[PDB]
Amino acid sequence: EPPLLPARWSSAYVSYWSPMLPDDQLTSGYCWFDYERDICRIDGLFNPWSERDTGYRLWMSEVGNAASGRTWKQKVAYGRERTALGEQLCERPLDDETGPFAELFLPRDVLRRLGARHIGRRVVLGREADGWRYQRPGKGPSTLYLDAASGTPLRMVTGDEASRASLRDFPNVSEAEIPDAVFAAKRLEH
């Protein structure tokens, strides 16, 4: 039987792509998943985000509350300008955005509910990890690599890594209690 994810976990993340196409970015941030509260949070430069199409790079903090079914997003745009010194970045916050949020980005029981199959051990972040491969119905395959000893997430592959996939690595997972203020939202009217 596939395992459940930890009841609560938080970690830095590193987000990138396989293969790395020329516009693909390597970014970092922090994330928190609390399955008992049924809420998650992700803070970092949004990946993927087309600066060419939009005119800016986006930083975002998102609190996705699956219990209430609503997400809250705090966004800051970083756009390029030209000055006497050369190129400069200018920050511009956006008003907070809200919308529907039907499930957490990585549900605790995802491997059980989607019928994941074990595809062997892989060295991920310096130790053996269990690979669990499953189909996201109507979307495509995913593989979640879990630390073989602790069961904590190490790498989330969304898509087929041998063709085209997002990779997210979790180098320092903690199962410690998460203060509820981590998941608080507020109105930001600019």
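Residue numbers run from 1 along the displayed sequence.
* Which of 159-167 and 120-128 has higher mean CA B factor, as the PDB entry lists it -> Result of the comparison: 159-167.
* Greater mean Cα temperature factor according to the PDB record, 7-15 or 175-183 -> The stretch with the larger average C-alpha B-factor is 175-183.
* Asked: Highest Cα B-factor in the PDB entry belongs to which of 64, 29, 137, 153?
  -> Most elevated C-alpha B-factor of the set, per the entry: 137.
* Asked: From 34, 53, 147, 43, pick the one with the largest CA B-factor in the entry?
  -> Answer, based on the entry's C-alpha B-factors: 53.
* To do: Using the B-factors in the PDB entry, rank residue 110's C-alpha atom against the chain and give the third, lowest, middle or highest.
  => It belongs to the middle third of the chain when residues are ordered by C-alpha B-factor.
* **CA B-factor ranking of residue 94, expressed as a third of its chain** => It falls in the top third of the chain.
* Asked: Based on the entry's values, in what third of the chain does the Cα temperature factor of residue 102 lie: lowest, middle or highest?
  -> Answer is highest: the recorded C-alpha B-factor places it there.
* Asked: According to the PDB entry, is the CA B factor of residue 77 in the bottom, middle or top third of its chain, that is, lowest, middle or highest?
  -> It belongs to the middle third of the chain when residues are ordered by C-alpha B-factor.
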